[PDB]
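**Q** Please read through the structure below; I'll follow up with questions.
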2 protein chains.
Amino acid sequence: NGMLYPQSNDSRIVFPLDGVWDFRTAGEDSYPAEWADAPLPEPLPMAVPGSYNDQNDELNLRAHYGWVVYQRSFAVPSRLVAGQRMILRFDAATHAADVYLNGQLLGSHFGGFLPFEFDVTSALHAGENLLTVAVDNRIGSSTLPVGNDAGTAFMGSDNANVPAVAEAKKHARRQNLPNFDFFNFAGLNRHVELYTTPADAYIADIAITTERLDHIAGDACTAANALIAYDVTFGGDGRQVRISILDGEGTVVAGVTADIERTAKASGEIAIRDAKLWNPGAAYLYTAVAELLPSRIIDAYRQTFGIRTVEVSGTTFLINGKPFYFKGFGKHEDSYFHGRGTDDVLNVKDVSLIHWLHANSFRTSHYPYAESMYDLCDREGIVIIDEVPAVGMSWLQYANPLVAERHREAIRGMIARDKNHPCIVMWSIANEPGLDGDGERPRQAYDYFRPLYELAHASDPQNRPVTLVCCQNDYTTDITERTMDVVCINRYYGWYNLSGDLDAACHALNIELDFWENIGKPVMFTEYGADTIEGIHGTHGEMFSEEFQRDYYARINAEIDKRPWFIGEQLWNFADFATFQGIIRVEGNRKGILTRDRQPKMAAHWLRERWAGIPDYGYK
Amino acid sequence: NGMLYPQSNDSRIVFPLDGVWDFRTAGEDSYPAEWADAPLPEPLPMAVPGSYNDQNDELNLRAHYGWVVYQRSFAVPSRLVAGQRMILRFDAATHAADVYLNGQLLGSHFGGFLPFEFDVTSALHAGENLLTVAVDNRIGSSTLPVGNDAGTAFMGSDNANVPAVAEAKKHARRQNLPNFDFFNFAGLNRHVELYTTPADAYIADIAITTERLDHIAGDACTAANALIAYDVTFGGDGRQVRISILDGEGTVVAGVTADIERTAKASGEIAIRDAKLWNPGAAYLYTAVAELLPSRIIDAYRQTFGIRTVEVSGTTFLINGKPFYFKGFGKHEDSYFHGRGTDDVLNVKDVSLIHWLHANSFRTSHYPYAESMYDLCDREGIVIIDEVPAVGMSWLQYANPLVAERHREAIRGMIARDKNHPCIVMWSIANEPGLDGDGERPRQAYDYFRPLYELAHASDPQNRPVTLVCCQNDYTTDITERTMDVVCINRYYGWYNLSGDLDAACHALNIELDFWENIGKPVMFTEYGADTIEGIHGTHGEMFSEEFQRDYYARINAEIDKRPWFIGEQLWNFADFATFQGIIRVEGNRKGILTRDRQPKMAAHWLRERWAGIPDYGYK
Ligand SMILES: O=C(O)[C@H]1CNC[C@@H](O)[C@@H]1O
Ligand SMILES: O=C(O)[C@H]1CNC[C@@H](O)[C@@H]1O
């Protein structure tokens, strides 16, 4: 269950396998299994990590349906592998993958946004090894994220009553039809690496939690005392583990030796005097160094953490006991050539833009992001809402046990991967599932989501709040959103309804805000926005102009400022991003306040000035 | 002198150091050297590889002048450094760097586009090591590429006669002023890695050459016999090295054991029957495996190569004895967030676009590119003209001994790094230096460049042709260009002169072609083009419209098709790219046939149709 990111130290080495691999497309429902036995025939080049779809302009890989096959060779010195446990880790293979090493099937994985690994100790050999990875991009009614089995993609146009249309659909080329508003970029989107641990006994998982803060300073920079807890899990086979806590300068400020008891675990607590707390806008990180003891060290792992508490109290959201206000947006992992491929240059740039904007937070819409982005937000003081890929869901999925199992898998996998990040303050278990309606539909949705809400709470040792991001709906028949810890709403008054009429949009919004006022929960936007083409201007801005987007946020934000229980504004979106093609997507989704190349539209400048004047704590 | 790219095998391991480093800006002329003794204070994140300039929008790092400081920590198992020679390699630090490891100054380097390395066997230690790299971006009258010490950047506007301007210049913030038309992106632009070799005796360099081809097939796919030569250099301290030649399937087709003799070298020839030849559009690669013998193997290195000859004969350019015609463009290493940083997703996409366009070649304008791109072009059958960063030069530089030494270093360093690539067919020793004029100026330029032409020929074991890329000039007083092995001219008739008037442009072009007809050398364009804003259209296209760009190539190409001695058309540019800001640069240089996001303008479609109909061999 532990998925610690691979580390190099005196006991462990990581051998990256990124670079230019060989690649072939394969069939809609099959690939040649014999490709794992010999070098691929007539291979294309394909860089890893990256989506494959935009890496070849001779082929139309955005249209590909089904399997592709990656392959490369590697060699490592016998000295590296001797006596060690060898693990091959895939940070992400989107959506499903079959992995072969020297012709041997290691195993398979479903779930395109979370890491998986194999023990390859016995499958490796000396000299060149041949690694073959088949990757399946298909989505449909039983995948997360959800695809449509027929009809159109999300907000696609149709003329379904025309007989010629009905007939042509029967013979059309198969294509994935996302039931979500982003392009189905596929492939080895994140890093691949071989790593080593000791074989006899090794550190398998670490959890650090902030248990209690005593006498927190008025500015929240420190606490007189912080009680933290550790939980180390071991693999392999009167043994001990040394746990050292290092402050920001590398100084060992605390140390304890713990007994390993058997499933091997060491557990306990440490009090840290005058602890420096992690806050939005003012990050501070410690390192917990776990050293497996026999003079010597047997194994070691260095786990970053930050000391801070998160608590929902009434209509407030308390970080280190202070009332926080979210400023930010949903994001995407999306960029020109990379697709959904991880790109740390762009992550570094995006975190700087978050600071330029004076925002303090974002949501990982609509899937867990690459691990490096959370490390970045840890060091940069940016709060994250962490979301599983359960987008596109409705009653057809809730009745499908395979979907429920995939949903539980995603929630457990996300929290197991991400639990140690101080920047994560809240979990999102779905984006815009169907919740409202009549008859038994609202109750069926509730019975589907309530156990998953409980699952997210049971899985997180820090016990952070749990939400479900709600689509614009009939809020009076939805019975599920109002039971979340924070109510997170996506609303497009004046864009998808009351179009262009900001007076009516604000009137409608206030009617719904009156509803939420009586519910008594803290409420925030997680989406609201307007497609905007940079360079479209007007003196009285209409839909798609830069002025309309600016006016949209100016009007809507004036209304939520009047509500003391409205605790955040995350807009849609940070930046324009790719989608399946359709009549409402102009080269993708254009609700970014930045362009796809991260340049600011008029609204971004306005929001920057607004957010410069809103404190992280005490605004409401 | 050897710079073999780091390889992992049974005798050697590579440990990458890329990732998110710590970073601080420093002074115009200094940085704090004590930063190498402890973690940088209050660091920013900075992804490596990548330019730093576009990775932080809070700061204005495009405006930065002087030093910045990078830092990271790393740790490797003692088990794998033990007994080994430990080398730290910087694939590129732009432009100059000081490198510290655990406080100790390892040394410094100046060229910004070529790799350098340090032996750190003795500076490493167990546990965490602290690597600090100060990088200097400054350019001026003594650097390659050349900066201006005062005035404006390349093609900048001025009103120098206005007294207020003259006075304001004296106090203006110091800024790099490129004397070249691309942005001065700086930082750790390419990968950083630590690698190991055996310490007592190791392979230091390998050079493979195609010495002779017997009975080449009519289609140039094979020769009845190919004679290749090897030259292996060793470091360290009756010794022997086994050379195995592997074909595309890994079959050992030829092999020899050579004696090692004292600088420790082994060299010889190998006959390969029915050799499969490397051609544009039809790549074929062999591998030369060199194994240092003591049954055991002491050391090994696998060197890719391709079997082909390059020869200029009269007014033809012969590859494997067939008359080649260049179709392609100058490129840049330039992209949105990365800057000049290497990006293998983008390299893979760009090579696919070269194929989409039916081009067969490019030039590395105006600096050597990342090593991975040449490996890609070797495998994809794309021909390269390899160019050093000697851009922006004029008579001020020719009398500067520091410049001359940097120019010789770049020529030797480029050819030492790149000599084994079959895709490289020609070396370029400068782009658009000053060559014409009256008095002694033409002779001064000739006396500067002729020793460099000879140096390039003496450095390359394959003895490939050498050129210098000529700016639009008075070709009748230039005495240097006409002495190159291939005449490579940059011409902008109808753009920078005779503007908009394609009839006059073609007339002027034909007058100059008449001059070159009498010189009797093979001639090619290395640049010609027209800035073009995608989406600007006209029925009679004017400058900056998509139609003008199409008409420009249509008219110019019709004229060179009439000249049998004109052996190639490389246009400017493959794609729009960033420049220093100025009144003639609309968000950079817009002469790309693709946009900066690699989308095709009208002219790219027209060129694709033209080039589809032009064969690699025998067009003229
Ligand atoms: O319609 C939109 O722009 C948004 C609506 N809410 C869900 C988002 O993924 C989607 O992109
Ligand atoms: O002016 C231009 O567009 C080009 C002229 N020749 C040199 C190129 O670097 C430059 O970009």
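The numbers here are math on the coordinates, done by the rules we state, and not lab data. Using ideal geometry, Cβ is built from the backbone for each residue, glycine included, and neighbour counts are taken over all protein chains shown.
**Q** Per the Debye formula with a single identical scatterer at each Cα and no solvent contribution, what log10 I(q)/I(0) holds for region B:476-582 at q = 0.16, 0.19 Å⁻¹?
**A** Results for region B:476-582 at q = 0.16, 0.19 Å⁻¹ read -0.76, -1.00.
**Q** Would you work out which of A:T209, A:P178, A:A220 lies farthest towards the positive end of the dipole of region A:158-223? Charges go on Cβ: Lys and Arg +1, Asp and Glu -1.
**A** A:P178
**Q** Oh, and also: May I ask for the percentage of alpha-carbon pairs in region B:21-70 that lie more than 12 Å from each other?
**A** Working: 790 of 1225 pairs.
So the pairs more than 12 Å apart make up 64 percent of the total in region B:21-70.
**Q** Per residue of B:374-384, what is the mean number of Cβ atoms on other protein chains within 10 angstrom of that residue's Cβ? If you can, show how the numbers build up before the last one.
**A** On the way: counts 0, 3, 3, 0, 0, 4, 2, 0, 0, 0, 0.
Average per residue, whole number: 1.
**Q** Here is a follow-up. Compute the orientation-averaged projected area for region B:222-267 from the convex hull of its Cα atoms and round it to one decimal in nm².
**A** 4.3
**Q** At 7 Å along the Cα-to-beta-carbon direction for both B:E261 and B:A612, put a label point, then send me their distance in nm to one decimal.
**A** If labels sit at B:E261 and B:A612, their model points lie 5.7 nm apart.
**Q** Moving to a separate point now. So in the protein assembly as shown, which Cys have no other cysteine's beta-carbon sitting under 4.7 angstrom from theirs?
**A** Among the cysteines of the protein assembly as shown, those whose Cβ sits 4.7 Å or more from every other are A:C221, A:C470, A:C471, A:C488, A:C506, B:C221, B:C470, B:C471, B:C488, B:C506.
**Q** Separate question: I need the P(r) histogram for region B:257-397: all alpha carbon pairs, bin width 5 Å from 0 out to the longest distance, whole percents.
**A** Answer for region B:257-397: a P(r) of 2, 7, 13, 16, 15, 14, 12, 10, 6, 3, 0, 0 percent.
**Q** Given an 8 Å cut-off on Cα distances and at least 6 residues of separation, report the relative contact order of region B:335-386 as a percent.
**A** Details: 31 pairs, mean separation 21.4, N = 52.
It comes to 41 percent, rounded to a whole number.
**Q** First check a/c for region B:55-113, with a ≥ b ≥ c the square roots of the eigenvalues of its C-alpha gyration tensor; if it is under 1.5, answer rounded, and if not, answer prolate when a/b is larger than b/c or oblate otherwise.
**A** Numbers: a/c = 2.75, a/b = 1.96, b/c = 1.41.
Taking the square roots of the gyration eigenvalues as a ≥ b ≥ c, region B:55-113 is prolate.
**Q** Let me ask something else about it. Hull surface divided by four, with the convex hull built on the Cα atoms of region A:537-601: how many nm²? Don't skip to the answer; put the middle values down first.
**A** On the way: hull surface 22.0 nm².
Average of the hull's projected areas for region A:537-601 equals 5.5 nm².
**Q** Output the direction-averaged projected area (hull surface divided by four) of the convex hull of the alpha-carbon atoms of region A:413-522, in nm². Please list the in-between numbers first.
**A** Working: hull surface 31.8 nm².
One quarter of the hull surface, i.e. the mean projection, equals 7.9 nm².
**Q** May I have the pair-distance distribution P(r) for region B:107-226, computed from all Cα-Cα distances with 10 Å bins from 0 and rounded to whole percent?
**A** Histogramming region B:107-226 at 10 Å steps yields 8, 23, 19, 18, 18, 11, 4, 0 percent.
**Q** In whole angstrom, how long is each semi-axis of the equivalent ellipsoid of region B:322-438, when you take the square root of 5 times every eigenvalue of its Cα gyration tensor and sort them from largest down? Don't jump to the answer; show the numbers that get you there.
**A** Details: eigenvalues 145, 53, 41 Å².
For region B:322-438, the semi-axes come out at 27, 16, 14 Å.
**Q** What gaps in nm, shortest first, separate B:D37 from its twins in the other copies when you place the label 7 Å past Cα toward the beta carbon?
**A** Taking the point 7 Å beyond Cα along Cα→Cβ, the inter-copy spacings are 6.5 nm.
**Q** Using a simple spin-label model with points 7 Å from Cα along the Cα→Cβ vector, what separation in nm is obtained for B:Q175 and A:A150?
**A** 6.3
**Q** Using amide H atoms built 1.01 Å from N in the peptide plane, name the residues 5+ places from A:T222, or on other chains, whose amide H lies under 5 Å from its own.
**A** A:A217, A:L277
**Q** Provide, for chain B, the number of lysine pairs with alpha carbons under 24 Å apart, each pair being eight or more places apart or on different chains.
**A** 25
**Q** How high is the relative contact order of region A:393-487, in percent, counting Cα pairs under 8 Å that sit 6 or more residues apart?
**A** On the way: 126 pairs, mean separation 32.0, N = 95.
The normalised contact order for region A:393-487 reaches 34 percent.
**Q** Note down the magnitude of the dipole of region B:433-481 about its Cα centre, charges +1 on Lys and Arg C-beta and -1 on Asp and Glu C-beta and zero elsewhere, to the nearest 20 debye.
**A** About 180 debye.
**Q** Take peptide A:45-53, look around each residue's Cβ out to 10 angstrom, count Cβ atoms belonging to other protein chains, and average those counts. Let's see the in-between values first.
**A** Working: counts 10, 3, 9, 3, 2, 6, 1, 2, 0.
For peptide A:45-53, the averaged partner shielding equals 4.
**Q** Let me know the shape class of region B:228-315, please: from the alpha-carbon gyration tensor, a ≥ b ≥ c as square roots of the eigenvalues, rounded when a/c is under 1.5, otherwise prolate if a/b is greater than b/c, or oblate.
**A** Values: a/c = 2.58, a/b = 1.68, b/c = 1.54.
Verdict is prolate for region B:228-315.
**Q** Next question. Output needed for chain B: three equivalent-ellipsoid semi-axes, defined as square roots of 5 times the C-alpha gyration tensor eigenvalues, in descending order, whole Å.
**A** Over the Cα atoms of chain B, the semi-axes work out to 38, 34, 21 Å.
**Q** Separation between the A:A399 and A:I511 pseudo-spin-labels, each 7 Å from Cα along Cα→Cβ, expressed in nm?
**A** My value for the distance between the label points is 3.2 nm.
**Q** Step through the residues of region A:332-339 one at a time and calculate ³J(HN,Hα) from phi using the Karplus curve (6.51 cos²θ - 1.76 cosθ + 1.60, θ = phi - 60°), rounding each to whole Hz and writing x for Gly and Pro.
**A** Using θ = phi - 60°, the values come out as 9, 7, 7, 6, 2, 7, 7, x Hz.
**Q** Once phi is turned into θ = phi - 60°, what whole-Hz ³J(HN,Hα) does the Karplus curve with 6.51, -1.76 and 1.60 give for every residue of region B:140-146, x standing for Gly and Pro?
**A** x, 6, 10, 9, 10, x, 7
**Q** From Cα pairs below 8 angstrom and at least 6 apart in sequence, can you work out the relative contact order of region B:71-228, rounded to a whole percent? Please list the in-between numbers first.
**A** Details: 265 pairs, mean separation 41.3, N = 158.
Relative contact order for region B:71-228 comes out at 26 percent.
**Q** Can you compute the FRET efficiency between A:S499 and A:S157 using 1/(1 + (r/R0)^6), with r the Cβ-Cβ distance and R0 = 22 Å? Round to the nearest 0.05.
**A** So the FRET efficiency works out to roughly 0.85.
**Q** So the label point sits 7 Å from Cα along the Cα-to-Cβ vector; using that for A:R296, what distances do you get to the other copies, in nanometres, sorted shortest first?
**A** 2.3
**Q** Please list, in chain and number order, the residues 5+ apart from A:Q472 or on another chain whose amide H is under 5 Å from its amide H, with Hs placed from the backbone.
**A** Answer set, sorted by chain and number: A:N490.
**Q** Dipole size in debye (nearest 20) for the protein assembly as shown around its Cα centre, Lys and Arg Cβ +1, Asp and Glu Cβ -1?
**A** 860
**Q** Consider all pairwise Cα distances in region A:1-119 and report the whole-number % of them above 19 Å. Each step should come with its number before you reach the end.
**A** Details: 3742 of 7021 pairs.
I get 53 percent for the Cα pairs in region A:1-119 exceeding 19 Å.
**Q** Nm distances between the label at A:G140 and the same-position labels in the remaining copies, 7 Å along Cα→Cβ, shortest first?
**A** 6.8
**Q** Same structure, new question: Principal axis lengths of the protein assembly as shown from Cα atoms, whole Å, largest first?
**A** Each principal axis gives a Cα extent; for the protein assembly as shown these are 91, 75, 73 Å.
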